[PDB]
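Visitor: There's a structure below that I have some questions on.
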Amino acid sequence: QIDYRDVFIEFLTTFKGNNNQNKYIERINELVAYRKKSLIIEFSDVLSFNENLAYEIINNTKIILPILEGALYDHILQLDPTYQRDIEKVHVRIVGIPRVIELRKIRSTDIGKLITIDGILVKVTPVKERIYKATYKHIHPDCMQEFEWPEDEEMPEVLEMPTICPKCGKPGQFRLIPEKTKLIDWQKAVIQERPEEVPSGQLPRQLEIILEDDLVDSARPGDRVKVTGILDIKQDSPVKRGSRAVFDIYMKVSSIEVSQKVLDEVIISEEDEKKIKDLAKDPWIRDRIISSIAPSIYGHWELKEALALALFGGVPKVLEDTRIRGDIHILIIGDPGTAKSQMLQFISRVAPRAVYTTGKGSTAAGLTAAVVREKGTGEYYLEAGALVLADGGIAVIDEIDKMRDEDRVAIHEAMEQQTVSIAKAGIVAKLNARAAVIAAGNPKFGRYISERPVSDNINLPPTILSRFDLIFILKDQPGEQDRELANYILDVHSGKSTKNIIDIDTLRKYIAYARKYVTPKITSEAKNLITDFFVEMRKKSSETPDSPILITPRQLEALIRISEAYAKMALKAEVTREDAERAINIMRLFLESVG
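Per the authors' numbering, the very first residue in the sequence shown carries number 7; after that it's consecutive.
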């Protein structure tokens with residue numbers, strides 16, 4: 007009907023944009039400068055130009071693309087012939103399609119189309135090569151002439167030779183060359199459902215994804231995934247019957263975007279609710295315990311702490327040989343009120359990752375794992391879940407006690423410098439997943455822990471335990487029961503008990519979660535050196551029995567102190583004496599497991 011090969015060129019040449027210039031022309035020249043292996047196709051522009059050239063770009067994609075690249079390569083060779091001998095392929099990467107598929111929503115009515123998908127990178131293979139166009143030689147005394155075999159079309163995922171020698175038209179032999187052969191750099195990956203959008207009770211959805219050429223590995227798995235690309239039919243040993251009627255999809259994610267921000271909110275309907283809390287900063291937090299109605303008027307400090315770990319970050323960063331402090335480790339163990347998981351689910355009802363760990367869970371899931379055999383069968387193994395996915399979020403651990411060996415020794419590295427660095431198989435996987443650690447301890451022998459050590463009850467953790475920042479214990483479902491609902495009367499004035507009760511479960515939690523991203527941390531006042539003096543004087547000879555050495559506690563006080571700062575900076579005030587005050591409980595609590 008019409009020459010789209012001209013349309014594509016003309017829509018590229020004339021387009022203005024938001025500055026009224028030429029948003030593709032100088033991009034052409036910059037592509038013609040750097041020799042860039044992909045296109046910067048922004049979707050709105052063409053849709054506002056030709057209500058047709060964009061229509062097909064959606065549906066006719068599979069074909070439409072093939073052509074679009076040609077005229078791209080054409081006018082380029084005119085603008086710069088010197089791009090030849092270098093790049094032959096061009097690949098137009100479209101950016102900004104209206105189709106935003108929820109991972110498991112893509113029923114049959116999607117197949118073939120080019121669409122965009124939001125999710126979480128789950129696994130990644132290393133680098134590998136394939137074929138796109140061959141140049142075999144018609145081995146016959148007549149011809150022996152070599153020609154690009156794959157003419158007009160790309161070679162299939164398995165292909166075989168043409169009898170009629172393209173040169174001769176005759177049948178003989180055709181030896182495939184390696185010098186003049188088109189190579190493609192592929193990388194397979196698994197696109198993981200939004201932990202937010204995967205229904206409670208239902209496990210995460212992962213759909214196949216493909217990265218090739220310039221797109222290769224440009225995203226570290228465990229990543230916020232925007233991914234544009236098509237779908238088809240994918241098997242392994244087909245053409246042979248067996249029974250394999252079905253075969254899962256095959257996304258061809260051409261244009262991805264690794265994000266750096268969180269999910270949005272309404273209006274700050276309680277900015278002033280800051281001032282109300284200004285009697286008890288944590289009059290907030292002191293309604294998250296309460297929210298549980300497990301704490302009640304007999305709340306435990308740690309309750310707020312958990313939050314004064316959650317909703318705060320304390321976010322410490324520092325370019326001293328890299329140190330990424332989060333709210334660090336909170337440690338609870340027992341058989342009592344392990345009800346925090348219900349509020350863990352909640353709390354930062356926005357938390358990008360909150361992994362409930364009945365958590366030996368799935369093996370690959372428990373931390374960081376890159377495998378070397380059965381990997382080849384169902385995902386060349388870059389299986390990182392519990393560890394990875396947390397990724398600047400909150401991690402739940404209902405059976406911390408149940409962990410594998412060095413799978414913990416890395417759990418150190420992880421909790422140590424935020425991130426794990428795995429190398430062995432082919433690639434080295436490194437993921438920078440700095441998040442909030444939260445762990446439930448199997449109540450191993452709830453006994454004689456008063457005046458002793460915390461070596462007991464975990465039995466896994468020897469130094470790893472000490473890699474945390476808080477301590478929580480909950481014992482007899484007998485002796486304490488009454489004494490607890492006693493305090494309710496005894497220190498009835500325990501005042502943060504339905505005071506700002508309007509800690510709207512998952513609603514105020516939203517605010518508590520809204521806090522995270524915007525609530526930038528303030529610096530310090532004369533409290534710095536003052537607290538330092540509480541980190542000097544209290545820091546007089548620290549050592550217990552059997553290698554239990556606070557000889558690197560110098561460090562293991564920093565975060566401790568540090569996060570106490572922005573703990574109260576639950577909303578935009580860190581320097582305060584009020585903020586300092588925390589350090590005085592972040593003191594008392596050193597004392598309680600100290601004696």
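We put the beta carbon where it would ideally sit given N, CA and C, even for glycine.
1) Considering only the beta carbon of each residue, do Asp293 and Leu480 sit closer than 9 Å?
2) Who does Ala376 pair with in a DSSP beta bridge?
3) Check whether the Cβ atoms of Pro201 and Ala441 sit closer than 9 Å, and answer yes or no.
4) Give the secondary structure of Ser472 by DSSP, where H, G and I count as helix, E and B as strand, and everything else as coil.
5) So, helix, strand or coil for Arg329, using DSSP?
6) Using the Cα positions of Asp511 and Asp288, report the straight-line distance between them to the nearest angstrom.
7) Who are the near neighbours of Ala345 in its chain, counting only those whose CB is closer than 8 Å to its CB and skipping five residues on each side?
8) Could you pull the start and end residues of the beta strand (DSSP E) that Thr529 belongs to?
9) One question on the structure: do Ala532 and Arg567 come within less than 9 Å of each other, judged by their Cβ atoms?
10) Taking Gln424 as part of the beta strand (DSSP E), name the residues at either end of that continuous run.
11) Secondary structure at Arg440, three-state DSSP: helix, strand or coil?
12) Looking at the structure shown, is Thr19 part of a helix, part of a strand, or coil, going by DSSP?
13) So, do the segment 263-276 and the segment 229-238 have three or more beta carbon pairs nearer to each other than 8 Å?
14) Please give me, in chain order, every unbroken run of the beta strand (DSSP E) with length at least 3 that falls completely inside the segment 288-334.
15) In whole angstroms, what is the alpha-carbon distance linking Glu279 and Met575?
16) Out of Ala60, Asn28 and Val252, which one is the CA nearest neighbour of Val13?
17) Buried or exposed: where does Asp585 fall if 16 or more other Cβ atoms within 10 Å of its Cβ makes it buried?
18) Going by DSSP, which residues form a beta bridge with residue 603?
19) Is the CB-CB distance between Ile334 and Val443 below 9 Å?
20) In angstroms, rounded to a whole number, what distance separates the CA positions of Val196 and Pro449?
21) Could you give the distance in angstroms between the alpha-carbon of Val498 and the alpha-carbon of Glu308?
22) From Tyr516 to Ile336, what distance separates their C-alpha atoms?
23) Can you give the Cα-Cα distance for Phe540 and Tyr572, rounded to whole angstroms?
24) Please work out which residues of its chain come closer than 6 Å, Cβ to Cβ, to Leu315, disregarding the five sequence neighbours upstream and downstream, and give them in chain order.
25) From the DSSP output, which residues share a beta bridge with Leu269?
26) My output table needs one value for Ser347: the three-state DSSP class, helix, strand or coil.
27) Label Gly305 either buried or exposed according to how many other C-beta atoms from any shown protein chain fall within 10 Å of its C-beta, with 16 as the threshold for buried.
28) Using only CA atoms, which one of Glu422, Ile112 and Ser427 lies nearest to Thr558?
29) Taking the alpha carbon of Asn463 as the reference point, which residue from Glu457, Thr469, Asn534 and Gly452 has its own alpha carbon closest?
30) Of all the options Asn35, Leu595, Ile406 and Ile117, which has the alpha carbon lying nearest to the alpha carbon of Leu85?
31) How many angstroms separate the CA atom of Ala370 from the CA atom of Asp488?
32) Are the CB atoms of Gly235 and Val272 within a distance shorter than 9 Å?
33) The beta strand (DSSP E) that contains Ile339, what's its start and end?
34) Between which two residues does the alpha helix (DSSP H) carrying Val245 extend?
35) So does the segment 388-403 actually touch the segment 85-104, counting three or more Cβ pairs closer than 8 Å?
36) Skipping 5 residues on each side, what residues in its chain have a beta carbon closer than 8 Å to that of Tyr138?
Guide: Based on what the coordinates show:
1) The answer is no: Cβ separation not under 9 Å.
2) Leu388
3) no
4) helix
5) strand
6) The alpha-carbon atoms of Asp511 and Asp288 are separated by roughly 16 Å.
7) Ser298 and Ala300
8) That residue, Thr529, is in no beta strand (DSSP E); it is neither H nor E in DSSP.
9) no
10) That residue, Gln424, is in no beta strand (DSSP E); it is neither H nor E in DSSP.
11) coil
12) helix
13) yes
14) none
15) Answer to the nearest angstrom: the Cα atoms are 14 Å apart.
16) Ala60
17) buried
18) The question about residue 603 has no answer, for the chain in this structure spans 7 to 601.
19) Yes, the pair counts as a contact, with Cβ atoms nearer than the cut-off.
20) 37 Å
21) 19 Å
22) 22 Å
23) 18 Å
24) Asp333 and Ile336
25) Looking at the DSSP output, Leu269 shares a beta bridge with no other residue.
26) helix
27) buried
28) Of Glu422, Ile112 and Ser427, the residue nearest in Cα terms is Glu422.
29) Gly452
30) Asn35
31) When rounded, the distance between both Cα atoms is 43 Å.
32) Cβ distance not < 9 Å, so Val272 and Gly235 don't count as in contact.
33) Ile336 to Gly340
34) No alpha helix (DSSP H) holds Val245; DSSP gives it neither H nor E.
35) No, the segment 388-403 does not touch the segment 85-104.
36) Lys95, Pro156, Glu160, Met161, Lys188, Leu189 and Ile190
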